[PDB]
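In: before the rest arrives, take these chains from my complex:
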Amino acid sequence: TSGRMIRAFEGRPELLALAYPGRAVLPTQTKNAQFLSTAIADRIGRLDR
């Protein structure tokens, strides 16, 4: 996901992990991990200049 832009969530930072599922996912082999492995990087964060 390097190069994309994402929001901050300064009020409580734990939201950051929830806001963008898929980014920096461990290569472990679990049901959720296997699903998240299919996410497309271009659809993280903002979309326009």
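Out: Sure thing, it's come through. Numbering: from 1, shown residues only, chains lettered A, B, ... in the order given.
In: and residue A:5, how far is that from residue A:37?
Out: Per Cβ to Cβ, to the nearest Å, residue A:5 is found 23 Å from residue A:37. Bear in mind the C-beta positions are built from the backbone N, C-alpha and C, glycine included.
In: between these two, which is the more surrounded one?
Out: For residue A:5 and residue A:37, the more surrounded residue by other Cβ atoms under 10 Å is residue A:37, and the numbers stand at 12 against 9.
In: who are the contact partners of the more buried one?
Out: A:25, A:27 (Cβ atoms under 8 Å, 6 or more residues apart in numbering).
In: which residues does residue A:6 contact?
Out: With contacts defined as Cβ under 8 Å, 6+ apart, residue A:6 is in contact with A:16, A:19-20, A:23, A:44-46.
In: can you put those residues in CSV and add neighbour count?
Out: Output for those, formatted as CSV (neighbours: other Cβ atoms under 10 Å):
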residue, neighbour count
A:16, 14
A:19, 14
A:20, 17
A:23, 17
A:44, 17
A:45, 15
A:46, 9
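In: take those and keep only those in strands.
Out: Using DSSP state E, no member of these sits in strands.
In: out of those residues, which is nearest to residue A:1?
Out: Distances from residue A:1 to the contacts of residue A:6, taken as Cβ to Cβ, are shortest for residue A:23 (4.4 Å).
In: quick check, the closest one in contact with residue A:1.
Out: Yes - assessed by Cβ atoms under 8 Å, residue A:23 is found in contact with residue A:1 at 4.4 Å.
In: let's bring in chain B now:
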Amino acid sequence: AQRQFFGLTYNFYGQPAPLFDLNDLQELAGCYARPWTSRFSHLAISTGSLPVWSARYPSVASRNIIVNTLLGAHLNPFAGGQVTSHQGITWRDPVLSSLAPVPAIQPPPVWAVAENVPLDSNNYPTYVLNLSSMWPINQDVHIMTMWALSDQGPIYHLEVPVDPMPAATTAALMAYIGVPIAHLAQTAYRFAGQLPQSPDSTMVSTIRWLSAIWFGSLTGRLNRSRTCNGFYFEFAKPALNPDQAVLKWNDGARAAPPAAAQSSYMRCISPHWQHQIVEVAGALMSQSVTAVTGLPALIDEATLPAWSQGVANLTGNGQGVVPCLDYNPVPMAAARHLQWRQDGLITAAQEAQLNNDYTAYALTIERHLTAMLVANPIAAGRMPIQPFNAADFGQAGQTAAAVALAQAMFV
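Out: The block that follows adds chain B to the chains above:
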């Protein structure tokens, strides 16, 4: 993002030099002595609804016209590949940040005076390198070209696809409910002005639809009884606030999509536009879209003035050549009124009154401009307003075809 553009400079109306003076170069409304992103600076802050004009800028279009003439003398890099100077003034830097008196160290060569020189961004390689900061030049040059090609009124583009309005654009459109057209034009100008944008973008397509919708309402084909996608433009009585048309959303019926894709070029064929804000706003808004995306296709030469016949990247007469229509506001208003009574928004008695009101209103516009022309003869040295003849106020042009297109466009 679009990495190349073309253009054309203004035409001297028989005069031997571009029609501006140093004071005009000194009193631009934007940042000091820079023409870029300045076409709305004179009204960024506003009060009331009265049009803004002054002694040496006596028409709503006067400032933009002057800017176009001004740029015609200094755009040599996109023609000759080099920066030049005219009357001891040139750019500060190759980025063309602003104009300044020539320094006495390495004076650039003196510009040779000419008119209607074709322009190509590829003649000036540094633009590509500094695209991120020279982007607004793209928009302004395109605007200048779109005006230079016409002897009577700026040219702009219309189009409507066969698919319904995509959902993404609708999400953007709801941000622009109840805002007048002039403000919308200012917003549209700023968007394509600052940073480079991709031709494929939600914002771009949004403005494209805005241009189409406004034209549909202009003919009266779109109204509160027949919306595009719930959207349409609302009008005030021409007797007062004749220009405060705003955007509205409605739950009523929607016009069905056209049978095939529609597109054409548009122009005002009467001098009225030079002192009528809505024409300027509509033209600029459409031109802004064409600026970022480039010209979809060449324009038909048949109805254009002489110097515009056969411009390299602009005009043609081949197969893939979109025709250009032109109209007169007065018959247009009559057609719009006729649509309103046919759709039942008004009674015939009102329709007769509306035509009388508008014709009287238009008469003042003509009377103002014609009196203003003699006050600023073109031979003086600067052209605050474009010359014309009295008969030009009576030309009907292709107005009948124009309303026919809208009816074929929104159906």
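In: tell me the secondary structure at residue B:23.
Out: When classified by DSSP: H, G, I helix; E, B strand; the rest coil, residue B:23 comes out as helix.
In: from chain A, how far out is it?
Out: 38 Å (Cβ to the nearest Cβ, to the nearest Å).
In: burial measure for that residue, as a count.
Out: The local packing of residue B:23 (other Cβ atoms under 10 Å in any protein chain shown) involves 9 other residues.
In: residue B:170 touches residue B:228, doesn't it?
Out: No - with contact defined as Cβ under 8 Å, residue B:170 does not reach residue B:228; the gap is 10.5 Å.
In: looking at the two, which one has more neighbours?
Out: Comparing residue B:170 with residue B:228 by neighbour count (other Cβ under 10 Å), the higher total belongs to residue B:228, at 23 against 16.
In: so what's the more buried one up against?
Out: By Cβ atoms under 8 Å, 6 or more residues apart in numbering or on different chains, residue B:228 lies in contact with B:165, B:209, B:212-213, B:216, B:222, B:254-255, B:410.
In: tell me the secondary structure at the closest residue to residue B:122 other than its chain neighbours.
Out: With Cβ to Cβ, 6 or more residues apart in numbering or on different chains as the criterion, residue B:122 has its nearest non-adjacent residue at 5.8 Å, and that residue is residue B:4. Of the three states, residue B:4 takes coil under three-state DSSP.
In: report the contact partners of residue B:4.
Out: Contacts of residue B:4 by Cβ under 8 Å, 6+ apart are B:120-122.
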